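**Student:** Mind looking over this structure? Questions follow.
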Amino acid sequence: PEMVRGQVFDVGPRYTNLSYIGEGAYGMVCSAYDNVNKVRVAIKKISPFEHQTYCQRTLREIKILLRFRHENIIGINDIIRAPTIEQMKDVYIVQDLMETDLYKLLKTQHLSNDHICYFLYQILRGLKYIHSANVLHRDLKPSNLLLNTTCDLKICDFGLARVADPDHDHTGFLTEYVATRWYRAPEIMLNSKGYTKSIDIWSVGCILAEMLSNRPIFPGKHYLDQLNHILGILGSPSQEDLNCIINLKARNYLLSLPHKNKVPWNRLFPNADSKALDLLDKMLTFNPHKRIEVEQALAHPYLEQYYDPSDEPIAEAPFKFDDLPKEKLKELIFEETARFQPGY
Ligand SMILES: N#Cc1c(NCCN2CCCCC2)sc(-c2ccnc(Nc3cccc(O)c3)n2)c1-c1cccc(Cl)c1
């Protein structure tokens with residue numbers, strides 16, 4: 001086997017010419033040449049068997065990726081792992097190599113309104129399919145949006161994804177959260193576990209604001225600072241939106257803050273299309289129940305040039321609602337990846 005840093009990357013002889021790309025929420029990503037299909041691919045190494053939580057996430061990610069089939073969601077080409085459970089310590093997931101991501105593009109490239117409109121359409125088209133499968137991505141951000149040389153957009157890393165569970169979304173004030181800080185909806189910091197579809201819509205809204213200016217709209221430096229950045233632009237929540245927050249600690253925190261008025265979108269983004277700002281406003285709504293849904297967002301006049309509900313497919317087999325030990329999860333990961341084995 002070949003080494004990349006100080007770690008084994010056992011994908012050869014089919015996959016050679018390894019180069020380090022980076023990391024997902026977990027796992028090490030490399031580019032490689034597929035000697036069989038004569039194309040360069042991306043490969044993610046996952047070593048989750050020593051921990052239950054890692055095993056659960058690895059199992060969900062693989063189950064989700066294998067079940068999903070959509071143009072705006074990157075699929076799995078192959079899975080490399082040992083032929084036996086005893087010999088299996090690592091899992092390698094193979095996907096088509098995408099040229100870049102929206103994070104890298106936004107660092108140095110100004111987006112035309114046409115590119116913003118097209119990227120947003122593709123994000124929401126992929127998201128419609130994800131949400132139709134009763135799945136939440138939960139870590140949408142520019143680095144999880146891959147692009148090729150013709151601007152085809154594909155959503156990646158379902159490492160923090162979960163089956164939607166709105167009945168168990170309520171939690172206490174200041175509950176620790178796993179997903180990337182800057183794209184976290186205000187309710188995460190107040191009373192939400194991020195188990196509802198509205199959590200992904202907030203993240204897409206943050207991505208849209210970022211595509212308009214090439215800078216994250218809410219760059220919180222720590223947990224509560226993230227909420228301060230959000231209220232600094234949306235302004236103080238209304239009495240109606242506060243009445244929706246039953247948790248006393250979360251409500252009293254918001255009531256203790258000095259009153260802030262709404263910063264108009266047309267002042268933050270003076271060169272933006274007015275329809276894009278109307279959609280931005282509806283995605284970046286404080287109250288998650290009033291926040292626009294993915295199908296409504298696709299039907300928004302800003303996306304009129306692309307909107308075609310018959311060419312925005314939904315999932316054929318949605319997921320249903322776990323606490324199994326890591327040894328039983330290793331067996332399920334082994335079973336889930338069995339179809340990619342040489343004998344199969
Ligand atoms: N998780 C994850 C991934 C990514 N997360 C983002 C990593 N990124 C690295 C650069 C700095 C910001 C964070 S990317 C990824 C993947 C899949 C297909 N093509 C590419 N291409 C790509 C992405 C980034 C840079 C680059 O040179 C190429 N990546 C994957 C991936 C690769 C193989 C299998 C699976 Cl299940 C996922």
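Residues are referred to by chain and number: the chain letter is A, B, ... according to the order shown in the structure tokens, the number counts from 1 in that chain, and ligands are numbered separately from 1 in the order shown.
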Write out as a VMD selection string each polymer residue (protein, DNA or RNA) that has an atom no more than 9 Å from ligand 1, with only C-alpha atoms and all ligand atoms counted.
**Tutor:** chain A and resid 20 to 31 41 to 45 61 to 62 65 74 to 76 92 to 101 103 to 104 142 to 148 154 156 to 159
**Student:** Next, write the just-selected residues to a file, as a PDB file, in the first residue's frame, keeping C-alpha atoms as the atom set.
**Tutor:**
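Result saved to again.pdb:
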```pdb
ATOM      1  CA  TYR A  20      -4.056  14.742  -0.429  1.00  0.00           C
ATOM      2  CA  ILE A  21      -7.247  16.889  -0.956  1.00  0.00           C
ATOM      3  CA  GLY A  22      -8.406  17.446   2.663  1.00  0.00           C
ATOM      4  CA  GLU A  23     -11.065  16.193   5.115  1.00  0.00           C
ATOM      5  CA  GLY A  24     -14.849  15.880   5.483  1.00  0.00           C
ATOM      6  CA  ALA A  25     -16.688  16.404   8.832  1.00  0.00           C
ATOM      7  CA  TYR A  26     -14.642  13.187   9.466  1.00  0.00           C
ATOM      8  CA  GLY A  27     -12.398  11.123   7.146  1.00  0.00           C
ATOM      9  CA  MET A  28      -9.358  11.826   4.899  1.00  0.00           C
ATOM     10  CA  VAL A  29      -9.918  12.733   1.200  1.00  0.00           C
ATOM     11  CA  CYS A  30      -7.420  12.032  -1.676  1.00  0.00           C
ATOM     12  CA  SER A  31      -7.494  12.215  -5.463  1.00  0.00           C
ATOM     13  CA  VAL A  41     -11.460  10.009  -8.857  1.00  0.00           C
ATOM     14  CA  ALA A  42     -11.802  11.284  -5.244  1.00  0.00           C
ATOM     15  CA  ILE A  43     -11.440   8.781  -2.349  1.00  0.00           C
ATOM     16  CA  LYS A  44     -12.406   9.249   1.332  1.00  0.00           C
ATOM     17  CA  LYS A  45     -10.777   7.004   4.038  1.00  0.00           C
ATOM     18  CA  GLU A  61     -23.645   8.434   5.241  1.00  0.00           C
ATOM     19  CA  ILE A  62     -23.104   5.199   3.236  1.00  0.00           C
ATOM     20  CA  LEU A  65     -25.293   7.976  -0.578  1.00  0.00           C
ATOM     21  CA  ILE A  74     -22.554  13.112  -5.799  1.00  0.00           C
ATOM     22  CA  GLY A  75     -22.977   9.312  -5.873  1.00  0.00           C
ATOM     23  CA  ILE A  76     -20.690   6.430  -4.881  1.00  0.00           C
ATOM     24  CA  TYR A  92     -12.648   3.822   1.323  1.00  0.00           C
ATOM     25  CA  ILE A  93     -15.499   5.576  -0.557  1.00  0.00           C
ATOM     26  CA  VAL A  94     -14.855   6.345  -4.278  1.00  0.00           C
ATOM     27  CA  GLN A  95     -16.602   9.209  -6.122  1.00  0.00           C
ATOM     28  CA  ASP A  96     -16.020  11.053  -9.439  1.00  0.00           C
ATOM     29  CA  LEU A  97     -13.368  13.761  -8.988  1.00  0.00           C
ATOM     30  CA  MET A  98     -14.964  17.223  -9.017  1.00  0.00           C
ATOM     31  CA  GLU A  99     -12.644  20.070 -10.103  1.00  0.00           C
ATOM     32  CA  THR A 100     -13.405  22.519  -7.279  1.00  0.00           C
ATOM     33  CA  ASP A 101     -15.896  23.670  -4.616  1.00  0.00           C
ATOM     34  CA  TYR A 103     -15.655  27.812  -1.033  1.00  0.00           C
ATOM     35  CA  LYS A 104     -12.487  27.844  -3.235  1.00  0.00           C
ATOM     36  CA  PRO A 142     -19.790  26.367   0.207  1.00  0.00           C
ATOM     37  CA  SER A 143     -17.039  23.725   0.861  1.00  0.00           C
ATOM     38  CA  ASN A 144     -19.783  20.942   0.595  1.00  0.00           C
ATOM     39  CA  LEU A 145     -20.912  22.211  -2.811  1.00  0.00           C
ATOM     40  CA  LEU A 146     -18.682  20.710  -5.541  1.00  0.00           C
ATOM     41  CA  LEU A 147     -18.395  22.087  -9.069  1.00  0.00           C
ATOM     42  CA  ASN A 148     -16.941  20.927 -12.373  1.00  0.00           C
ATOM     43  CA  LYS A 154     -23.172  18.503  -6.607  1.00  0.00           C
ATOM     44  CA  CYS A 156     -21.359  16.266  -0.798  1.00  0.00           C
ATOM     45  CA  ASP A 157     -20.619  14.991   2.745  1.00  0.00           C
ATOM     46  CA  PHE A 158     -23.670  13.473   4.438  1.00  0.00           C
ATOM     47  CA  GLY A 159     -21.433  12.854   7.518  1.00  0.00           C
TER      48      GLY A 159
END
```
**Student:** Within 7 Å of residue 124 (chain A), counting only C-alpha atoms, which residues show up once you throw out same-chain ones fewer than 4 positions away? Write them as a PyMOL selection string, please.
**Tutor:** chain A and resi 120+128+294+298
**Student:** Got a sec: who's within 12 Å of residue 82 (chain A), counting only C-alpha atoms, leaving out chain neighbours fewer than 3 positions off, as a list in words?
**Tutor:**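 Those residues are residues 10, 11, 79, 85, 86, 87, 88, 89, 90, 91, 92, 333, 334, 337, 338, 340, 341 and 342 of chain A.
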**Student:** Report the residues of region 93-194 of chain A whose backbone DSSP state falls under strand (DSSP E or B), written as a PyMOL selection string.
**Tutor:** chain A and resi 93-96+100-101+135-136+145-147+153-155+162-163+170+192
**Student:** Any chance you could export the current selection's N, CA, C and O atoms as a short mmCIF file (atom, residue, chain, number, x, y, z; two decimals), in the first residue's frame?
**Tutor:**
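Once everything was written out, this is selection_32.cif:
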```cif
data_model
loop_
_atom_site.label_atom_id
_atom_site.label_comp_id
_atom_site.auth_asym_id
_atom_site.auth_seq_id
_atom_site.Cartn_x
_atom_site.Cartn_y
_atom_site.Cartn_z
N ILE A 93 -14.36 5.27 0.32
CA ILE A 93 -15.50 5.58 -0.56
C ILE A 93 -14.98 6.31 -1.80
O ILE A 93 -14.30 7.33 -1.67
N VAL A 94 -15.31 5.80 -3.00
CA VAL A 94 -14.85 6.34 -4.28
C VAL A 94 -15.98 7.12 -4.96
O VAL A 94 -17.10 6.61 -5.09
N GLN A 95 -15.67 8.34 -5.40
CA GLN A 95 -16.60 9.21 -6.12
C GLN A 95 -15.86 9.85 -7.29
O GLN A 95 -14.63 9.94 -7.27
N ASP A 96 -16.60 10.32 -8.31
CA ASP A 96 -16.02 11.05 -9.44
C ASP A 96 -15.29 12.27 -8.89
O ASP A 96 -15.79 12.89 -7.95
N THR A 100 -13.52 21.54 -8.35
CA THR A 100 -13.40 22.52 -7.28
C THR A 100 -14.66 22.52 -6.41
O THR A 100 -15.54 21.67 -6.57
N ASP A 101 -14.74 23.49 -5.49
CA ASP A 101 -15.90 23.67 -4.62
C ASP A 101 -16.28 25.16 -4.60
O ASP A 101 -15.48 26.00 -5.04
N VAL A 135 -34.71 13.20 4.76
CA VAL A 135 -33.33 13.36 5.22
C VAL A 135 -32.99 14.86 5.32
O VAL A 135 -33.42 15.65 4.50
N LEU A 136 -32.16 15.20 6.29
CA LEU A 136 -31.62 16.53 6.48
C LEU A 136 -30.12 16.46 6.26
O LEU A 136 -29.48 15.56 6.79
N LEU A 145 -20.29 22.00 -1.52
CA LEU A 145 -20.91 22.21 -2.81
C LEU A 145 -19.82 22.14 -3.88
O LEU A 145 -19.06 23.08 -4.07
N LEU A 146 -19.71 20.99 -4.55
CA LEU A 146 -18.68 20.71 -5.54
C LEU A 146 -19.10 21.13 -6.92
O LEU A 146 -20.27 21.01 -7.27
N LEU A 147 -18.13 21.62 -7.72
CA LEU A 147 -18.39 22.09 -9.07
C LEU A 147 -17.39 21.53 -10.07
O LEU A 147 -16.25 21.24 -9.72
N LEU A 153 -23.33 21.60 -10.33
CA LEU A 153 -23.16 21.62 -8.88
C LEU A 153 -23.64 20.30 -8.25
O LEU A 153 -24.72 19.79 -8.60
N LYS A 154 -22.83 19.75 -7.31
CA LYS A 154 -23.17 18.50 -6.61
C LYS A 154 -22.92 18.64 -5.09
O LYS A 154 -21.82 19.02 -4.65
N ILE A 155 -23.94 18.31 -4.29
CA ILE A 155 -23.87 18.36 -2.83
C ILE A 155 -23.08 17.14 -2.34
O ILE A 155 -23.35 16.03 -2.79
N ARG A 162 -29.13 13.41 9.06
CA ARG A 162 -30.06 12.62 9.89
C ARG A 162 -31.42 12.51 9.21
O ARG A 162 -31.79 13.36 8.39
N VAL A 163 -32.17 11.48 9.57
CA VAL A 163 -33.56 11.34 9.19
C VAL A 163 -34.28 12.44 9.95
O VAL A 163 -33.97 12.64 11.14
N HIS A 170 -37.08 19.74 20.05
CA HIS A 170 -36.91 20.64 21.19
C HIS A 170 -35.80 20.22 22.15
O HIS A 170 -35.71 19.06 22.56
N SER A 192 -33.41 24.22 19.53
CA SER A 192 -33.53 23.22 18.47
C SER A 192 -32.32 22.31 18.37
O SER A 192 -31.18 22.77 18.48
#
```
**Student:** Considering only C-alpha atoms, state which residue in the set A:19, A:122, A:236, A:77 is at the smallest distance from residue 208 (chain A).
**Tutor:**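 Among the listed residues, the smallest separation from residue 208 (chain A) belongs to A:122.
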**Student:** Measuring between only C-alpha atoms, which one of A:34, A:288, A:269, A:60 shows the shortest distance to residue 169 (chain A)?
**Tutor:**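 Counting only C-alpha atoms, the residue closest to residue 169 (chain A) is A:288.
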**Student:** For a quick check of understanding, using only C-alpha atoms, which of A:185, A:221, A:295, A:151 has the smallest distance to residue 308 (chain A)?
**Tutor:** A:295
